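Chain residues, written in single-letter form:
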There are 2 protein chains.
Amino acid sequence: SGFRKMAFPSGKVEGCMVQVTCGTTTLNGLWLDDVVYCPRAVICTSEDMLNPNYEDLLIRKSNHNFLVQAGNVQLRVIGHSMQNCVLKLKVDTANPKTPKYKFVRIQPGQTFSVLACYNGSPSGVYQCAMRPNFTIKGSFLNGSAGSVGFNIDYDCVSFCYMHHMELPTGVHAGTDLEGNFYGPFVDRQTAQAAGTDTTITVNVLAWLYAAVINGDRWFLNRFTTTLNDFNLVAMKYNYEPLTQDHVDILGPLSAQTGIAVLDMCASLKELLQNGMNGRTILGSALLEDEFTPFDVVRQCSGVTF
Amino acid sequence: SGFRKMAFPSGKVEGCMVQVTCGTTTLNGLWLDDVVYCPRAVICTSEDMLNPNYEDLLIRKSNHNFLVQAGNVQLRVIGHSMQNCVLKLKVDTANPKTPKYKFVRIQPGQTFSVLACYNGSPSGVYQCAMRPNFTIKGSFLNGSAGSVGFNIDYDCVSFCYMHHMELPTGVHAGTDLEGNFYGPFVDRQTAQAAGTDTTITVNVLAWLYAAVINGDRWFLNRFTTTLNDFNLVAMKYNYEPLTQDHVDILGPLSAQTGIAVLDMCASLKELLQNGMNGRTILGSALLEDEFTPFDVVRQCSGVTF
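Residues numbered from 1 in each chain as written, not as in the entry; some residues may be left out. Chains lettered and ligands numbered in written order. Heavy atoms only, no water.

> Explain the overall build of chain A here, please?
Scanning chain A for helices and strands turns up eight helices and 13 strands. Counting only contacts in chain A whose residues sit at least 6 apart along the sequence, the fraction spanning at least 24 positions is 64%. Computed over 22 positive and 26 negative side-chain charges, the inter-centroid distance for chain A is 3 Å. (Helix = DSSP H or I, 4+ residues; strand = E, 2+ residues; numbered from the N terminus. Contact = heavy atoms within 4.5 Å. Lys, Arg positive; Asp, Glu negative; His and termini not counted. Charge placed at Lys NZ, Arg CZ, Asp CG, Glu CD.)

Right, here's the structure in full:
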């Protein structure tokens, strides 16, 4: 019993984190096989980040200008290339600790674990979600760039995020491992506003199912609703519209609890319109939306890796 | 910027988790050097756990009755002993992945990371605290026994908790790595009630400092108070009494923020008496008490390991 924001075990990724230094700038990189992946902002000074021409800045860089250090293991760069907003540094040694891995571009609403690193060294691990505005609400200080977000399925690490920047709002933006930013953000220190932070409706419902499974039953009501009627309420409270695909994804949890999805939607509607009246759900006084339906099953079934 | 419930990187502990099977019962063990540590309930059936005489049950057990498996690495038990509520199984092979480690008995209010495991295999990592009633509010299913809680200081893993049981209340109880339970709990399936769940005052204050550092400033008021006046309020709301030792531990955060501890106490007093009026602090609608002063410094300074 009990329900917590649980991250994946980080060992498989810890063994891939390295330090990448170019001139005066140091950030983190990801060493998989004989390639190190890092943000291209490693080649920039602070003055450059105001308005950088990365292709011109990279001309003045050679293999020997990139210092890569795995703990004390000093890796030799034998090739370098820019892919979108990431640099790919070919090294002479394949990482012996390379896990089974994949690069995946995730969708808003999906969750992942972040291993926050500084100077190539891990500091902590936590679970985040890709917000509908394509930001993430993480914990990153200067030097965190190159930290990665990931999911694990038994032995395969699916890398989905590389951290790049912090917006003036205090939220965070980054890329997939192919270098493409999530959302409209660019790797430049300019005016970049996030967008409406909408609540991931399917995840709130999954978390409500997790609550029922763990004994929290006070929010269950006598009402039901329709998808269209609920979505009128969702719009008012800046909730993502619920689709039939979402209903389908919640089917397994509906089956285990015996609570129809549309009945849970009606309970959520009453919560949005009346509040929690000072009560709590799974130790929270607000509606949580960074648990996917898969996350709930995982934690309530005890899947291991 | 940003503040999250951050766990330590779990790699160093993942390499120590093994599966321990005795008869029909399987749980997790911790393989450090040539000893495997596990709950003594591994020798019990379900019927035994009603009222077990562990010393008598262990008489009918020999080295060959304990099957220890590290992934597929099958370890040979060459000796066994009971220490309080843990079994120490001497094996023929020292764990090559043994980290620098220590066994520590923590105090209520202190935090640690849990690596939840099943069948010797990791499932997830999360941060918990030893509650003042000597329970922990974790996420544990059947088979989780033997999962461990720990802290890391650069290269030294300090093991402080081994999971044993779940109380009918849904809270969790366990031992240190010497086998002594935290609190009055026993490894028997009997009537065991927890105790008053008091809020860790020094941790709430640390989290308020973390909020100010990260931009949350609305709760700062024009008042101050005294330790005795505040503690009158703390008692009413089942908060732990604040001591001068606690004030001293918060000194570094007071210095960085410029907010005197007693001024933050006055802001907390107003929050306890008036609520948050639907506002949030660091994304929470309740007062968080599972961040220590050390945890806040760690996350706001970027300490690595």
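On we go.
> What am I meant to see in the packing of helix 4 (residues 227–236) of chain B against helix 7 (residues 261–274) of chain B here?
How two helices pack is summed up by the angle between their axes together with the distance between the axes. All names here are of chain B. Running from amino to carboxyl end, helix 4 crosses helix 7 at an angle of 25°, the nearest separation of the two axes being 10 Å. The angle between the axes of helix 4 and helix 7 places the two elements in the roughly parallel class. Here helix 4 runs over helix 7; the crossing is left-handed. Contacts between helix 4 and helix 7 pair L227, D229, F230 and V233 from the former with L262, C265, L268, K269, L272 and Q273 from the latter. (Axes fitted to C-alpha atoms, helices over the stretch in contact; angles between N-to-C directions. Parallel < 35°, antiparallel > 145°, perpendicular 65-115°, else oblique. Left-handed = near helix turned anticlockwise from the far one by under 90°.)

> It is not clear to me how the sheet that holds strand 1 (residues 17–22) of chain A should be interpreted in this structure. Could you clarify?
Two modes of strand pairing occur in sheets, parallel and antiparallel, and in both the strands are linked by backbone hydrogen bonds. All names here are of chain A. Ordered by their spatial adjacency, seven strands build an open sheet running 5-4-1-2-3-7-6, and the pairing between neighbours is antiparallel. Here the strands that pair on one side only, and so sit at the sheet edges, are strand 5 (73–75) and strand 6 (77–83). Averaged over neighbouring strand pairs, the angle between their axes works out to 30° when direction is ignored. Sheet topology places strand 4 (residues 66–70) next to strand 5; three bridges connect them, and they run antiparallel. For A70, the partnering residue across the bridge sits in strand 5 and is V73. (Pairing = 2+ DSSP bridges.)

> I tried to follow the pattern of salt bridges on my own but got confused; where do I start?
When their charged atoms lie close together, side chains carrying opposite charge are able to pair. As enumerated under the stated definition, the model contains 26 salt bridges over all chains in all. Among the ionic pairs, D155(A) bridges to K100(A), the shortest N-O distance being 3.3 Å. Placement of the pair is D155(A) in the loop between strand 11 (148–153) and strand 12 (156–166) and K100(A) in strand 8 (residues 100–103), with a sequence separation of 55 residues. Using a relative accessible area of 54% as the deciding quantity, one classes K100(A) as exposed. Residue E288(B) pairs with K5(B) through a salt bridge whose shortest N-O separation is 3.7 Å. In this pair, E288(B) is assigned in the loop between helix 7 and helix 8 (293–301) and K5(B) in the segment before helix 1 (11–14), connecting sequence segments 283 residues apart. For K5(B), a relative accessible area of 30% gives the class partly exposed. One network of salt bridges, with partners in common, ties together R4(A), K5(B), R131(B), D197(B), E288(B), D289(B) and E290(B). (Salt bridge = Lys/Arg side-chain N within 4 Å of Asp/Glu carboxyl O. Buried < 20%, exposed > 50% of the residue type's maximum accessible area, 1.4 Å probe, protein only.)

> What am I meant to see in the pairing of strand 7 (residues 86–91) of chain A here?
Each regular strand shows side chains that alternate between the opposite faces of the sheet. Residue and element names in this part refer to chain A. Pairing geometry for strand 3 (residues 35–39) and strand 7, over five bridges, is antiparallel. Following the sheet pairing, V36 is matched in strand 7 by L89. Two elements, strand 6 and strand 7, share six bridges in a ladder whose sense is antiparallel. Its bridge partner being in strand 7, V77 is matched across the sheet by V91. Hairpin geometry of strand 6 and strand 7 is characterised by an intervening segment of two residues between the two adjacent antiparallel strands and by a positive phi of about 55° at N84.

> Got a minute to help me understand the sheet that holds strand 1 (residues 17–22) of chain B in this structure?
Residue and element names in this part refer to chain B. Strand order across the open sheet formed by seven strands is 5-4-1-2-3-7-6, with antiparallel pairing between neighbours. Because the sheet does not close on itself, it has two edges, and the strands there are strand 5 (73–75) and strand 6 (77–83). Strand-to-strand twist across the sheet, computed as the mean angle between neighbouring axes with direction ignored, equals 30°.

> Can you help me understand helix 8 of chain B in this one?
At 3.6 residues per turn, the α-helix brings residues three or four places apart onto the same side. Residues and elements named next belong to chain B. Those residues of helix 8 that sit buried are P293, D295, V296, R298 and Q299. Here the buried face of helix 8 lies against strand 9 (111–118), strand 10 (121–129), helix 3 (201–213), helix 5 (244–249) and helix 6 (251–257). One or two positions beyond helix 8, positive phi appears at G302, with a value near 80°.

> Sorry if this is basic, but what is going on with the interface of chain B and chain A here?
Accessible area lost upon the coming together of the parts is a frequently used measure of interface size. At the junction of the two partners, chain B supplies 42 residues and chain A supplies 42 residues. The junction of chain B with chain A conceals about 3000 Å² of combined surface from both sides, 52% of it contributed by carbon and sulfur atoms. At the boundary of chain B and chain A, one finds two salt bridges. A salt bridge links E290(A) to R4(B), with the nearest nitrogen and oxygen atoms 2.8 Å apart. At the surface where chain B touches chain A, the tally comes to 27 residue pairs in polar contact. Listing elements by their share of the side of chain B that touches chain A, those giving two or more residues are helix 1, strand 9, strand 10 and helix 8 of chain B. Top contributing element to the side of chain B that touches chain A by residue count: strand 10 of chain B, with eight residues. Looking at side-chain class alone, the side of chain B that touches chain A contains 18 nonpolar, 18 polar and six charged residues. (Buried area = accessible area lost by both parts, 1.4 Å probe. Polar contact = N/O pair within 3.5 Å; in protein donor to acceptor, adjacent residues only side chain to side chain. Nonpolar A, V, L, I, M, F, W, Y, C, P; charged D, E, K, R; others polar.)

> What's the story with the relation of the copies chain B and chain A in this structure? I'm lost.
For these two chain copies, the linking operation is a rotation about an axis paired with a shift along it. If you rotate chain B by 180° and push it 0.0 Å along the axis, it lands on chain A with an RMSD of 0.0 Å. Taken together, the rotation and translation describe the operation of a two-fold axis. For chain B, the minimum C-alpha distance to the rotation axis belongs to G11(B) and amounts to 1.8 Å. With an isologous cut-off of 70% or more, the 100% of interface residues of chain B that recur at the interface of chain A puts this contact in the isologous class. (Least-squares fit on C-alpha atoms.)

> Quick question: what am I supposed to make of the domain arrangement of chain A here?
All names here are of chain A. Structurally, chain A comprises domain 1 (14–91), domain 2 (99–175) and domain 3 (201–301). Of note, the centres of domain 1 and domain 2, computed from C-alpha atoms alone, are 18 Å apart. Summed over both partners, the interface of domain 1 with domain 2 comes to about 1400 Å²; 71% of that surface belongs to carbon and sulfur atoms. If you sort the residues of domain 1 by the area they bury against domain 2, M17, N28 and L32 come out on top, with a joint share of 37%. The tally of links from domain 1 across to domain 2 stands at zero salt bridges. Where domain 1 packs against domain 2, one counts eight residue pairs in polar contact. (Domains from an automatic or database assignment.)

> For this particular structure, what's the right way to read the pairing of strand 2 (residues 25–32) of chain B?
Residues and elements named next belong to chain B. Most of strand 2 is tucked away: seven of the eight residues are buried. Relative to strand 2, strand 1 runs antiparallel, the two being bridged by six bridges. Bridge assignment links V20 to a residue of strand 2, and that residue is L27. The pairing of strand 2 with strand 3 (residues 35–39) spans three bridges and is antiparallel.

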